[PDB]
Amino acid sequence: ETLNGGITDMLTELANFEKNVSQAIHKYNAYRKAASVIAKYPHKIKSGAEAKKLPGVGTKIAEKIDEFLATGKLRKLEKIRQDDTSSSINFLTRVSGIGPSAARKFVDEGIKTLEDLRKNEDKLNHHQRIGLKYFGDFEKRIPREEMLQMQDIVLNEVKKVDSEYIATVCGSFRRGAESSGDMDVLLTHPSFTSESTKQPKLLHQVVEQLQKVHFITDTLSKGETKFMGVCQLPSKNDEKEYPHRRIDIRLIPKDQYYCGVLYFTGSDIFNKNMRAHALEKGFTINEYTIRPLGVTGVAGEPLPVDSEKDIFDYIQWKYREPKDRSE
DNA sequence: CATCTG
DNA sequence: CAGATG
Ligand code: NA
Ligand code: NA
């Protein structure tokens with residue numbers, strides 16, 4: 001956790017690069033286990049060979065740890081951190097919409113900067129365009145003081161279109177967090193579930209309302225159960241308009257809300273622990289359900305949940321207010 | 001994983 | 001349809 005930190009970091013830099021710049025998914029994946037393992041390793045890695053000793057740890061990495069241990073740096077790391085091409089690729093990727101794949105193409109075409117991109121808005125697709133449009137806004141965190149206002153709007157409008165809708169804002173916003181990255185809404189209706197054959201309108205109706213009043217301003221992607229957009233809190237009395245924020249809305253069958261709700265609320269660590277304990281108590285959990293574990297190895301069957309409570313209960317545990325869902 | 005693009 | 005992005 002700090003004993004082998006640099007090593008784990010340098011490896012992460014390397015891993016990252018394999019995958020992003022080169023296309024070395026193999027290698028990329030290589031650095032990953034490696035860091036994962038040295039990550040757990042209880043002692044102070046004093047050398048290559050010592051490391052090699054571990055699994056995932058081959059000769060080449062060993063080589064690497066050596067240099068880095070021997071001198072405060074790595075040539076390869078040093079060489080990559082310069083290389084304009086590599087840098088471009090890490091940068092373009094910042095744009096919502098450009099993945100690495102794209103980043104390569106553009107660079108090989110000479111697009112390497114923000115301006116580059118504007119000049120060539122023709123080559124970017126819609127998502128990518130919105131992305132470029134709101135680069136800044138997009139990178140800005142979201143303060144809860146704003147989140148609360150957003151939440152206020154969305155919930156009220158869903159209310160109006162249908163009294164029967166159930167919306168919940170998950171994320172860290174939910175776990176207490178002072179600021180967040182994007183707004184994430186979980187949505188269900190009574191009339192939609194596991195079996196119920198669809199109802200797209202269930203989602204599209206709400207999306208519209210939200211644009212009806214202008215809360216939503218753009219659509220990144222809109223399907224029948226998941227919507228990816230851009231919203232914005234009405235600029236008050238002109239002088240201070242707000243940054244544009246990423247937002248998602250997704251339809252969930254009422255019969256799998258809470259697990260999803262639970263699940264999205266996180267944090268990752270909370271999940272895991274809860275997941276393992278579930279396992280203990282003779283259970284299973286994933287994003288949509290909790291099932292009684294058979295002894296034959298495993299087994300299924302959907303346990304029936306009416307709130308985050310039914311879940312906890314199930315695995316017989318202390319109901320956890322979202323704030324204390326941390327670890 | 002669900003959506004888009006081409 | 002494969003293959004990209006979030
Ligand atoms: Na991106
Ligand atoms: Na293939």
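What is reported rests on the model, the rules as stated and the sources as named; these are not laboratory values. For neighbour counting, all protein chains shown are included, and Cβ atoms are generated from backbone atoms with ideal geometry for every residue, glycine included.
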Of A:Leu279, A:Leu251, A:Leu293, which residue is hydrophobic (A, V, I, L, M, F, W, C), away from ligand 1 (no atom under 16 Å from the Cβ) and under 27 Å from A:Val154 (Cα atoms)?
A:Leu251
Of the conditions (1) out of contact with any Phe, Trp or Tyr (no Cβ under 6 Å at 6 or more places or on another chain); (2) within 17 Å of A:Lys226 (Cβ to Cβ); (3) not in a strand (DSSP E or B), A:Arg174 fails just one. Which one is it?
(2)
Candidates A:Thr219, A:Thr168 - the one that is within 16 Å of DNA strand B (Cβ to nearest atom), among the polar types (S, T, N, Q) and either surrounded by fewer than 18 Cβ atoms within 10 Å (Cβ to Cβ) or not in a helix (DSSP H, G or I) (or both):
A:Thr219
Contacts under 6 angstrom Cβ, first residue in the range A:21-33 being charged (D, E, K, R), partner in a helix (DSSP H, G or I), 6 or more apart
A:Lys27/A:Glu18; A:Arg32/A:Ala15
Restricting attention to helices (runs of 4 or more DSSP H) lying wholly within the range A:1-75, give those where 3 or more residues are of a type in the set (A, V, I, L, M) and closer than 23 Å to A:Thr85 by Cα.
A:5-20
Residue that is nearest to A:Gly72 (Cα to Cα) [pool: residues in the range A:26-53 that are of a type in the set (A, V, I, L, M, F, W, C) and touching a helix residue (DSSP H, G or I) at 6+ places or on another chain (Cβ under 6 Å)]:
A:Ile45
Go through the range A:262-276 and give me each residue that's surrounded by 15 or more Cβ atoms within 10 Å (Cβ to Cβ) and more than 14 Å from the chain's Cα centre (by Cα).
A:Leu262, A:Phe270, A:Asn271, A:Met274, A:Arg275
Checked A:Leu124, A:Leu114 against criteria (within 16 Å of DNA strand B (Cβ to nearest atom) and either under 21 Å from A:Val207 (Cα atoms) or outside the structural domain of A:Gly229 (by CATH) (or both)); the one match is A:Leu124
Scan the range A:49-102 residue by residue and report those that are β-branched (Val, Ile, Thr) and under 31 Å from the mean Cα position of the chain (by Cα).
A:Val57, A:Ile61, A:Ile65, A:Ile80, A:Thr85, A:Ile89, A:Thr93, A:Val95, A:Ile98
When you scan the range A:107-116, do you find a residue that is within 9 Å of DNA strand C (Cβ to nearest atom) and either farther than 23 Å from A:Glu13 by Cβ or touching a helix residue (DSSP H, G or I) at 6+ places or on another chain (Cβ under 8 Å) (or both), even just one?
no
Does A:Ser101 qualify as being away from ligand 1 (no atom under 14 Å from the Cβ) and not aliphatic (A, V, I, L, M)?
no
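Yes/no matrix, rows are residues, columns are (1) within 16 Å of A:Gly6 (Cβ to Cβ); (2) surrounded by 15 or more Cβ atoms within 10 Å (Cβ to Cβ); (3) more than 16 Å from DNA strand B (Cβ to nearest atom):
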| residue | (1), (2), (3) |
| --- | --- |
| A:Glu63 | yes, no, yes |
| A:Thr71 | yes, no, yes |
| A:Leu77 | yes, yes, yes |
| A:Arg81 | yes, no, yes |
| A:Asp84 | no, no, yes |
| A:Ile89 | no, yes, yes |
| A:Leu92 | no, yes, yes |
| A:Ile98 | no, yes, no |
| A:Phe106 | no, yes, no |
Screening A:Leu148, A:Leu210, A:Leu202 for residues that are surrounded by fewer than 16 Cβ atoms within 10 Å (Cβ to Cβ), more than 18 Å from the chain's Cα centre (by Cα) and not in a loop (DSSP other than H, G, I, E, B) leaves only A:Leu148
Looking at (1) within 13 Å of DNA strand B (Cβ to nearest atom); (2) surrounded by fewer than 16 Cβ atoms within 10 Å (Cβ to Cβ); (3) closer than 19 Å to A:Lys140 by Cα, find the lone condition where A:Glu224 falls short.
(3)
